[PDB]
């Protein structure tokens, strides 16, 4: 079957007061991302929450010299934003729903995502979350190299910069040969 990957939709990346917030454009996808996730779950798909995980003063982390402290373990910054957070409280204990700490941008890097997907004979990944040109993009490239078919939920990905969101969407379609879908998981043309 299929797997939906929910990438970094947390307080720190989304909320107005978030430590490394993408701001309004990330907040704007809240309805669509929660909708498509509940739909995927209802359709029997596996759901993988792949969430940035930082410790305070990790001098070996490549991001430590680029970005201010964010998504710290045990803080409110790692909480899922909007109805997605309600969904996790309701269905997080379900065997088809996973929470996965990550340290790189890509959901595959240093995680057991690929292993879990192959156990389940998953051939298609559906990507949602933030940021379109960073974590979503890295995850998409890693999925491409690992031979997965790729679906991108257009109204359920967001970037801080609209120009970067556009580059990423074009890259998904023209380079990765991915399928762009809406919040109802129907193909867009």
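Numbering follows the first chain given and starts at 1.
In the record comparison, residue 56 is unmodelled in at least a third of the other entries of this protein that model the residues flanking it. Once the C-alpha B-factors are averaged per stretch, 120-128 and 65-73 rank with 65-73 first. Relative to its counterpart among 50-58 and 29-37, 50-58 has the higher mean temperature factor, C-alpha atoms as listed in the PDB entry. For residue 161, the recorded CA B-factor ranks within the highest third of the chain. Only modelled residues enter the ranking.
Annotation for residue 100: C-alpha temperature factor in the middle third relative to the rest of the modelled chain, per the entry.
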